[PDB]
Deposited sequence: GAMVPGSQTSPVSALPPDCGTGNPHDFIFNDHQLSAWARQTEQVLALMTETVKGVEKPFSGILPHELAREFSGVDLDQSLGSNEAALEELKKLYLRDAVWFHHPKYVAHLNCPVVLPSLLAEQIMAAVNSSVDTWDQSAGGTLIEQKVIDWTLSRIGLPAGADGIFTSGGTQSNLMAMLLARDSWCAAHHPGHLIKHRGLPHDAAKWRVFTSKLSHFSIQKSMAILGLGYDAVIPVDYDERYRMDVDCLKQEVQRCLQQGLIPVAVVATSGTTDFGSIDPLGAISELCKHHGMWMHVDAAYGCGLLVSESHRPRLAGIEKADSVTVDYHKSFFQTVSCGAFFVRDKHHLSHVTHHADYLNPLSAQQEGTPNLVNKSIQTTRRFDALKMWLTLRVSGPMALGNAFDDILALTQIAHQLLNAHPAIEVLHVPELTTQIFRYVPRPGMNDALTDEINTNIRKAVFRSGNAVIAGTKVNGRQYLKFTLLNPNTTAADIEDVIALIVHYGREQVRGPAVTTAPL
C-alpha cells in the first residue's frame, strides 16, 4: 500500500514525524551558543566517507542528521552571524513552506495551482505598487536574483534586436549580424550575475563595460557618459545599463534618476538590480532612498535577502509586460517564465503580509539600518580599524590596519574568526586589497554583539602581529 506517500491514510504518520522534528529542532536551536562550530570541510568530510546511500526510520536518519548537518550548520538566526546576505527568517515564511510541502502546487499553470496562480499575481502586483512602475507592468517569481538578472539582460538583448532589426526576432533566428557590437554598462561593484548572464546570452563578458564608482562607491554617471561616448567612437552600440540599488559589498545605491536620463537619451534599457536594496520598499522613511527605481525598464528583487523569507523567494519585474513575450482566459504564468515546473514561493510573501504587517517588515529593516550606523560609529571610533564608507544600507567594509602584509593579516583574521566559531564575518577585495565585511540582517543584534565581534577581529589581528 506504499505507506511512504502523503495522502489521507498517512495524515497521522505525517503529524507525528512533524512532532519529532519540532522536538529535535527545539533542542537543537536552544543549544546553539554560537553561529558556527569552526569545523573545516576536510574534518566534516571524514564523517561522510562511509555513508552509503544504498542503505532506519525517521528517528535513525534524524539521529545521523544531528551529526552530519545540524552540528556544524551555519546558524543565520544567531546575532553573531554578520557575514553575507543571509537573513533570519520570519514565522509566516515557515508557515508557508509547511503548507507548500503538503499541497506541492506547481505555479507554472492554472491547472497545477488554481489560487496559487492568483496569489502570486497579488504578491507581484503589490510589489509593483511599491516600486511605482506604471499601469501595464508585470513580473514573475524566479529562483532568485541570478535568474532575474538573466531575464533582464535577455529582455534587453531581445527588445533591442526587435526595435532595430525589423521583425528579426532573436528567439527564432538567433543573433543578428551586429550583436558582437552591443554593450552593457554596469558598475565595477555590480553583482557578477550580470557578466555570467551575458556569457550565457552569447555575448560574453566583453559585452559588459565596467564603469568606475564614486568616493561613496556609487556608480559615477560622468564616467558612464564617458563610457557610452568612448563606446560610440569605437563603432560599438550601447544597449543597456545595469544600475545596482544596493551593491552586494558596500550596500551602495547607484544614482537612479541620472542613469535613467542617460538611458532614455541613448534609447537604452534600464535595469535596476535591487536584490539587496528592495528592503527599502517597505521602509516608512527610507523608501525615498530608492527614488528613480520607478523609472526602470526592469527590476530584480530578493525577498530571500531583505524580506526575511526562506530561499527561494525572489522575483523579476518589467515596466512593459509585452517584453516578457520574448520568453514564451486561462492564467498560465509559464508564459512569463524561463522555468517550467515552479514551486509556490509567493505563498511566503503572501502569508507574511497577511499575518505580519508590511509595516512589521519595514520596522525590522529600519532597525537593521540604524544598527549599521551604530556599527559604523564603533568601527570608526577604533584607531586600529580602517572603515571605507558610511553605511548606505546594512553593510560595512573595513579592515584591520595595525600592503601584501595587511592582506595576509585580514584574510587570516576572517579565517580565525570562522575557526573560533564565535562569529561569522565575510571578506571582499576592494581595488585588489583584502577587506573584511560586516552585513547586518538580524534586528535583534545589539550594540554589545557588534562590540564583541569587533573585539574578536582585533584580538585575532593583534594575534597575527604579536603571535601569542
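- Gaps between the deposited sequence and the modelled coordinates occur at 1 to 23, 79 to 80, 354 to 367, 442 to 446, 513 to 519, listed in sequence order.
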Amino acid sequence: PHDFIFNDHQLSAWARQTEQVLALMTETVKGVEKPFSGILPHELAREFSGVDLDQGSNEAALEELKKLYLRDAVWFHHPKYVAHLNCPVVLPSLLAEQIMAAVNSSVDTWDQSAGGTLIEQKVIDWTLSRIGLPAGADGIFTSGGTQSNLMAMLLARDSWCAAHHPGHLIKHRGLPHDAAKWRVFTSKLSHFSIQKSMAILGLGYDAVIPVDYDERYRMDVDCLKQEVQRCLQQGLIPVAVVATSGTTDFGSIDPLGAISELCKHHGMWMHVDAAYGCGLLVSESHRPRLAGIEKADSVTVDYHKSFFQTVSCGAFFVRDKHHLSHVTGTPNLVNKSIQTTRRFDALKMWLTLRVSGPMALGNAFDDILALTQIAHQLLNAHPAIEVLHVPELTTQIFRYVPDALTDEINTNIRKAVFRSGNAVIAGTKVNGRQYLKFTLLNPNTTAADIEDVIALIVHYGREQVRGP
From here on, numbers count along this sequence of modelled residues.
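- Mean C-alpha B-factor is higher over 220 to 228 than over the other stretch, the pair under comparison being 93 to 101 and 220 to 228.
- Relative to its counterpart among 271 to 279 and 167 to 175, 167 to 175 has the higher mean temperature factor, C-alpha atoms as listed in the PDB entry.
- Comparing the C-alpha B-factors of 194, 327, 114, 299 in the entry, the top value falls on 327.
- Note on 87, 338, 152, 379: the highest value goes to 379, judged by CA B factor as recorded.
- Among all modelled residues in this chain, the alpha-carbon of residue 147 has a temperature factor (C-alpha) in the lowest third.
- In the PDB entry, a CA B factor belonging to the lowest third of its chain's modelled residues is recorded for residue 316.
- When the CA B factors of the chain's modelled residues are split into thirds, the value for residue 423 lands in the middle one.
- Ranked against the other modelled residues of its chain, the C-alpha B-factor of residue 134 as given in the entry falls in the highest third.
- Residue-level temperature factors show residue 204 in the lowest third of its chain, judged at the C-alpha atom.
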